[PDB]
Every structure is written in C-alpha cells, then in structure tokens.
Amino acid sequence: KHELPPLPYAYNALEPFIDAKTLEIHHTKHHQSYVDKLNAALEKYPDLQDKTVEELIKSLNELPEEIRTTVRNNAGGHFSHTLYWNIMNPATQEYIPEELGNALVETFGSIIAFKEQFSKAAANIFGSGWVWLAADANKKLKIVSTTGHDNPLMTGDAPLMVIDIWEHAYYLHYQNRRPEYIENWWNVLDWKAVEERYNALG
C-alpha cells in the first residue's frame, strides 16, 4: 500500500514564498487524495501493489482498462507532487553545482536564459499542469510542458525538477498572479537536489 511521504520541512518552512496553509492543504488534501485514489484502484488488482509508482506510469497501456485512467492521473499526481516537495528547500543562498550549471549553460545559453524559458513555459500553461526540466536517455536537457498529472516518465525521460502550475499551488497567496508565484518559487528551488538526480543518470 503506497503512503504519503512526509514533507522534508515544516508546513510553514517555505514562507513567504509559499504560504503555510497552502502547503498543508496541498500535501494533506491534494497529494493525500492521489495516494488514496491510487491505493483503491490497485486494491482491485493487488499484483500491481508491488510496482513502483514509476513503473506503473511507464506501463499504463498494460494496466487493466478499468483503472488505467485513475492510475495515470493518480500515480502521475503522487509522483509529480513527490518530486515537487523534494526539489524545494527553505530559502538558501543560491549555489548551482558545476555539473548541472554547465549543462544548463551548454543547452540554454546561460542560467538566466534557462530561467526565462522555464518561467515563460510555466506562465503559458493553459489550465492544470506542470513545467519540467527533464533529460532524455542521452542526458540531453529540455523544458517540458504537461497537462493534468501527465509527466515525462511517459515519454521515456528522466525528470529533474518541476513546478506545479495547478491553481491550487498558488491561488491562496497569489490568486491570478501566477508570474509572481513562479518568480517567488525560484527562491526555494533546491539546486542540490536537482543536481543529485542529474548526477545519478551517470
């Protein structure tokens, strides 16, 4: 049975960039519910309780039709919120590690250029979705926009970082001012965590 991972920090630890109430609801209501709903679907097909969230996402078309959609949405949700919590950290002096910084500069023109493109893709999401940094099988980086809780695992890629652009992520403190939310979010991005995932790809 999958379980809601605790946040690596307190509900009020990302203030003022993300408000405490949101963080608490975002985790204990929105994320919790993806877990609950994933759990209930897999209970009908227990042989799938032994799969990782990621191998579920990558094998959607082999799951029974009955639950395929629930899983795509809810495993997607669980996975995507898990990454989101884990690549944020209480506001720390920005230091980008060399390996990740160099790759960003090589790919986009500079750090600022990547931030701009990422910010812009996030501003341009229509409806509920996410904006990712992701690597392909060959460690090539791209910025990816997705709808719902779809994600790059589905297109055979390795997610490195992501921002939640569902309105629930920012409405209580920013209402419609999503760009202000995106700009604030950079202050709690944990580059160290992003580096870790990058590095692990070898």
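In this text, residue numbers run from 1 along the sequence as written.
Look over 114 to 122 and 93 to 101 in the entry and identify the one with the greater average Cα temperature factor. The recorded data point to 93 to 101.
Which wins on mean Cα temperature factor, 135 to 143 or 23 to 31? It is 135 to 143 that shows the higher mean C-alpha B-factor.
Taking the entry's C-alpha B-factors for this chain, is residue 60 in the lowest, middle or highest third? Within its chain, residue 60 is a highest-third residue by C-alpha B-factor, going by the deposited values.
Cα B factor band for residue 36 (lowest, middle or highest third within the chain): Its C-alpha B-factor, which the entry lists for residue 36, ranks in the middle third among residues of this chain.
Classify residue 53 as lowest, middle or highest third according to the C-alpha B-factor given in the PDB entry, relative to its own chain. As the PDB entry reports it, the C-alpha B-factor of residue 53 lands in the highest third of its chain.
By its CA B factor, does residue 154 count among the lowest, middle or highest third of the modelled residues in the chain? According to the entry, residue 154 has a C-alpha B-factor in the chain's middle third.
Would the CA B-factor of residue 68 place it in the lowest, middle or highest third of its chain? Residue 68: CA B-factor falls in the middle third of its chain.
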